[PDB]
Amino acid sequence: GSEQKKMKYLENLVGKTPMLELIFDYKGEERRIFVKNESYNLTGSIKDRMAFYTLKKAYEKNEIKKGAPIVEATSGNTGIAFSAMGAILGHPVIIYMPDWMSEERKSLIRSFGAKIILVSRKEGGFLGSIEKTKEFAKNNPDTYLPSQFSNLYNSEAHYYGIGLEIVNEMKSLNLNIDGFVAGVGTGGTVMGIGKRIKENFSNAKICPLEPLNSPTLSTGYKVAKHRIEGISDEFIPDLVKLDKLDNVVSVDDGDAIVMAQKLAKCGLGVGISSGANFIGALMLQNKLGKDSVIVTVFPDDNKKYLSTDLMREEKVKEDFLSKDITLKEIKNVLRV
Amino acid sequence: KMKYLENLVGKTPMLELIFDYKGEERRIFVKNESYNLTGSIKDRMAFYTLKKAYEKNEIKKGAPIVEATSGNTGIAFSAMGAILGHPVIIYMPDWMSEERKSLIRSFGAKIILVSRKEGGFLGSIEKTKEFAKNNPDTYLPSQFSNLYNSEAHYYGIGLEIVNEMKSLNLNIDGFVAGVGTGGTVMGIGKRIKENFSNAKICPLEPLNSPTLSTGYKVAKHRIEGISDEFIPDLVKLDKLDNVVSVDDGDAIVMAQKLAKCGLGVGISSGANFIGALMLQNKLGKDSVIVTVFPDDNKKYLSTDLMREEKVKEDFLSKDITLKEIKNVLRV
Ligand SMILES: *Cc1c(COP(=O)(O)O)cnc(C)c1O
Ligand SMILES: *Cc1c(COP(=O)(O)O)cnc(C)c1O
Ligand SMILES: [Cl-]
């Protein structure tokens, strides 16, 4: 080949992230959770694995030509990841997002060479941001649409990549996996990792996670704004197939923030969705038994969240799990 | 012990970058050090310093770790300090990017900003000694003089460099790195010279504040992480080859180009790229030059990196065009 050569080496920019064994007290019995740290990636997120897999398989299946624009609707880690990997592969990148999105998001995505097209309230969300991507393709037929919320390459990325890493590294510790939890944005993470884990541990519980403040998985709908950036921003996406998963876990965004704060104070600088996943995983442990082996992921680091409530004191509410959690140690770290 | 905590640092990607320089094709090789616990090369050094300190009982259980930083070292010691159960107290000049202050505080460290009136970098260092004098159990990693700093890079990143270039059957002709503490250049340089006695090991300075090359001149500059108002004891300019000098404007424009090609890096990464080119010009078109990208662009959104830089006539970046990533290695 040659393109094949290129894709073989560019994959060294993504994956092979640390697996961490985190020990903590939960009122006040000793527990542990296993977690992948996905900050160790090209642009700092799990979405790098997904963007790379997507573009690679698309090249393999001749579904994108050289120099073709990559076009998507997002303001988060997906725009960042396709912007960077798009530029690496010689593609201009076009991102549609709403016109009230913060300066910080726009500047970071702009840094990576993408063209940003802003959509107003009146031009329709949000939902109309994904509509203009479809318009663009019909007027420029070389357009590749990642279609993150519906594209099987997304879930597959995590089946072939991070999911397999998880099964391999838990097997090297001779630990069976009793469960896995992940917040759903596109759903690619929970679906892909779940498919992989359930091939190896048929009784594993694969629980998708939503915010209690906007339970898009349990109701179907975008109910309200919440502060768990990267998860449930729109509608149960087409990729998520709830029937193939076990029961929905719900976490309050404040509880996620406090948990992420605690994580940073033990030297793990993570995003709000990571704190959510940690709480998520503990909930699942609480259903299965204190000593069950539960895995999750930390999808990004804390550096993009330095003006969010991650930086402020959160009111502790009755039902927060995080008020009864004290982190003790990183007991082990695996890197394969 | 932490045979296992070392899995949080190091083993980062080596990139082969192809570019045009007015208007000839060239390449340089670069370690991407964002792929580390806190997103910087300093993670390697913080971990190694603490591991040795523990080995030689230079640090007591729960004792405070206290340090002066341009940002990344404090971030790194706040994260690793927290992991190992230590209070951390960081002094940092007040003109470093505000994202630095926020991250240090997120890791549970006490952060004290130090003004130019209060002596900037030299003042920050003295405040660390003051704290140690006042509080007898204090551990001072003293990154500006501690040989563990350069040792960390001799054993870690330096050895990865040598093995990665060996794997390409390529001889290293030169290495360039901006000097903050001097750890990076001294430690990598020692390792490279053991394997290529003729390789040139070049420290880099801002052209705006050429302290290494003059021995005295200190001025404001925006190349965060390097040129900290003095020549650090760790750096031995007579054991290194000649100083390379890059304009902070030229560095920023170069870091901006790198991000447009997919490599979101800090201002000093831009500086190092231009430096490695300036060295390449000395040794030949075809010479094999290695450098490092110490961190990513996320701590710099508040800085001139995100603004439109006045290009000048003498910027090498006005004549650079990035072509592609030709290769990526990682063991
Ligand atoms: C995208 C994203 C998620 C959700 O992952 P999906 O695979 O899209 O479900 C969680 N956290 C962060 C920070 C993200 O960017
Ligand atoms: C510390 C630092 C440097 C300089 O490295 P030394 O090993 O201290 O010479 C360069 N760039 C950045 C971003 C840094 O934090
Ligand atoms: Cl520093």
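Summary table
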| item | result |
| --- | --- |
| Residue count for region B:284-315, restricted to those that are more than 12 Å from every other protein chain (Cβ to nearest Cβ), touching a strand residue (DSSP E or B) at 6+ places or on another chain (Cβ under 8 Å) and not in a strand (DSSP E or B) | 4 |
| Which listed residue is within 16 Å of ligand 1 (Cβ to nearest atom), in contact with a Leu (Cβ under 7 Å, 6 or more places away or on another chain) and without any contact (Cβ under 8 Å) to a residue 60 or more places away in the chain, from A:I95, A:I130, A:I109, A:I80 | A:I80 |
| Selection count, region B:94-113, where residues are under 21 Å from the mean Cα position of the chain (by Cα) and over 16 Å from A:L268 (Cα atoms) | 9 |
| Pairs, first more than 14 Å from chain A (Cβ to nearest Cβ) in region B:177-195, second within 15 Å of ligand 3 (Cβ to nearest atom) and charged (D, E, K, R), C-beta under 6 Å, six or more apart | B:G180/B:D228 |
| Which numbered condition B:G187 misses (of (1) touching a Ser or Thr at 6+ places or on another chain (Cβ under 6 Å); (2) under 19 Å from B:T211 (Cβ atoms); (3) small (G, A, S)) | (2) |
| Condition check for B:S287: crowded, with 18+ Cβ neighbours inside 10 Å, not aliphatic (A, V, I, L, M) and not assigned by CATH to the domain that holds B:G249 | no |
| Any chance B:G275 is away from ligand 1 (no atom under 16 Å from the Cβ), more than 26 Å from A:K115 (Cα to Cα) and part of a helix (DSSP H, G or I) | yes |
| Any chance B:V179 is over 17 Å from B:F29 (Cβ atoms) and aliphatic (A, V, I, L, M) | yes |
| Flag for B:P206 being in the same structural domain as B:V288 (by CATH) and crowded, with 24+ Cβ neighbours inside 10 Å | yes |
| Looking only at region A:60-69, and only at residues there that are surrounded by 18 or more Cβ atoms within 10 Å (Cβ to Cβ) and in contact with a helix residue (DSSP H, G or I) (Cβ under 9 Å, 6 or more places away or on another chain), the one that is nearest to A:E169 (Cα to Cα) | A:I64 |
| Wholly within region B:156-245, helices (runs of 4 or more DSSP H) carrying at least 2 residues that are more than 30 Å from B:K326 (Cβ to Cβ) | B:211-214 |
| Some residue of region A:117-138 being part of a loop (DSSP other than H, G, I, E, B) and more than 23 Å from A:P237 (Cβ to Cβ) | yes |
| Output for region A:36-62, where each listed residue is farther than 16 Å from A:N154 by Cα and more than 14 Å from chain B (Cβ to nearest Cβ) | A:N62 |
| Any chance A:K66 is more than 24 Å from A:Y305 (Cβ to Cβ), more than 16 Å from ligand 3 (Cβ to nearest atom), part of a helix (DSSP H, G or I) and not assigned by CATH to the domain that holds A:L239 | no |
| Matching option when the condition is of a type outside the set (A, V, I, L, M, F, W, C) and more than 20 Å from the chain's Cα centre (by Cα), among A:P141, A:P215 | A:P141 |
| Any hit, region A:320-327, residues being in contact with a strand residue (DSSP E or B) (Cβ under 7 Å, 6 or more places away or on another chain), within 14 Å of chain B (Cβ to nearest Cβ), part of a loop (DSSP other than H, G, I, E, B) and closer than 22 Å to A:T17 by Cβ | no |
| Total residues in region B:76-109, condition more than 9 Å from chain A (Cβ to nearest Cβ) and in a helix (DSSP H, G or I) | 5 |
| Single residue of region B:164-176 satisfying the filter (in contact with a strand residue (DSSP E or B) (Cβ under 9 Å, 6 or more places away or on another chain) and more than 14 Å from chain A (Cβ to nearest Cβ)) that is farthest from ligand 1 (Cβ to nearest atom) | B:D173 |
| Any hit, region B:104-125, residues being of a type outside the set (F, W, Y), within 12 Å of ligand 2 (Cβ to nearest atom) and within 29 Å of A:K36 (Cβ to Cβ) | no |
| Selection status of B:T321, buried (at least 18 other Cβ atoms within 10 Å of the Cβ) and of a type outside the set (A, V, I, L, M, F, W, C) | no |
| B:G275 being surrounded by 15 or more Cβ atoms within 10 Å (Cβ to Cβ), under 18 Å from the mean Cα position of the chain (by Cα) and within 13 Å of another protein chain (Cβ to nearest Cβ) | no |
| Search result, residues across region B:206-256 that are in contact with a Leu (Cβ under 9 Å, 6 or more places away or on another chain), within 14 Å of ligand 2 (Cβ to nearest atom) and among the polar types (S, T, N, Q) | B:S227 |
| The listed residue being more than 19 Å from B:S142 (Cα to Cα) and more than 13 Å from ligand 2 (Cβ to nearest atom), out of B:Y35, B:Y91 | B:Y35 |
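To keep it simple, each residue is scored yes or no on (1) over 23 Å from B:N135 (Cα atoms); (2) under 22 Å from the mean Cα position of the chain (by Cα); (3) surrounded by 23 or more Cβ atoms within 10 Å (Cβ to Cβ).
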| position | (1), (2), (3) |
| --- | --- |
| B:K3 | yes, no, no |
| B:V9 | yes, yes, yes |
| B:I18 | yes, no, no |
| B:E25 | yes, no, no |
| B:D43 | yes, yes, yes |
| B:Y48 | yes, yes, yes |
| B:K56 | no, no, no |
| B:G71 | yes, yes, yes |
| B:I90 | no, yes, yes |
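Positions of Cβ are generated from backbone atoms using ideal geometry, with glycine treated the same way; all protein chains shown enter the neighbour counts. The values are calculated or read from the model by the stated rules, or taken from the named source; nothing here is a laboratory result.
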